[PDB]
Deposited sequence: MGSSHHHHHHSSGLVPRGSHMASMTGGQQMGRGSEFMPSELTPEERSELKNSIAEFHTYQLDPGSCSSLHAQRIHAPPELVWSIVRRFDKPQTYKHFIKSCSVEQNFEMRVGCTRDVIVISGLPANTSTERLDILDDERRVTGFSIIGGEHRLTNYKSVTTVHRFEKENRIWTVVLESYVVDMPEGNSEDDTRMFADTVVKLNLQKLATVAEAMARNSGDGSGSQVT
């Protein structure tokens, strides 16, 4: 969880990307993750819409178009590992901002109209550089949030681990 100084540094980003005017029968949540790695590295993972299995906890595989070149509106077909209440997810790339390090997708099962946004943020103090990733989502209610929270948190933990390994 973020320190007071980090939360102060992220307030604008939160206000711009992770704050929703919720419609009835939908809830949202915001999660954060500190990563001991440079933002460029974290972003290069986070941005790869075609290969979410590189850091998502439950993805078995991800099929995408042949001759895939990544653009907003493009789709992916995620096959998930066995033991979960769905087997498959078709997902659409909503945002890809390489300048500002912002991405997001929408699902198109229980988590109906799930849409998330992910942002990458640089921090430096005393020559020590690290990253914070924020991820928020909107989802239709059936506490469905507990289940999405767990996936999101787990995905973000593995993001850290993979990024921290690549940074070594």
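Absent C-alpha positions map to the deposited sequence ranges 1-39, 148-150, 185-190, 217-227, in order along the chain.
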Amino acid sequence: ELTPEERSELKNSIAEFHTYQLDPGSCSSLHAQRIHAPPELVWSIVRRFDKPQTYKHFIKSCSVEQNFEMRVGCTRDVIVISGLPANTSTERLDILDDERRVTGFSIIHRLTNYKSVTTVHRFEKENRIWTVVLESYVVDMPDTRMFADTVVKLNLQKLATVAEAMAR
From here on, numbers count along this sequence of modelled residues.
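Whichever C-alpha set is largest while still superposing within 1.5 Å between the two forms counts as the rigid core.
Using the rigid core as the fitting frame, the root mean square C-alpha deviation in 6 other deposited structures of this protein is greater for 52-60 than for the other of 114-122 and 52-60.
Of the two segments 74-82 and 90-98, the one whose CA positions lie farther from the displayed form in 6 other deposited structures of this protein, once all are superposed on the rigid core, is 74-82. For the cut-off of one third of the other compared entries, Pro142 qualifies: that many or more give it no coordinates while modelling its flanks. In this crystal structure, the stretch out of 64-72 and 36-44 whose C-alpha atoms carry the higher mean B factor is 64-72. The PDB entry records a higher mean C-alpha B factor for 20-28 than for its counterpart among 155-163 and 20-28. Considering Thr119, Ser116, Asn127, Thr131 together, the PDB entry gives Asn127 the largest C-alpha B factor. For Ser106, the recorded CA temperature factor ranks within the middle third of the chain's modelled residues. In this PDB entry, the Cα temperature factor of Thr150 sits in the bottom third of its chain's modelled residues, the lowest group.
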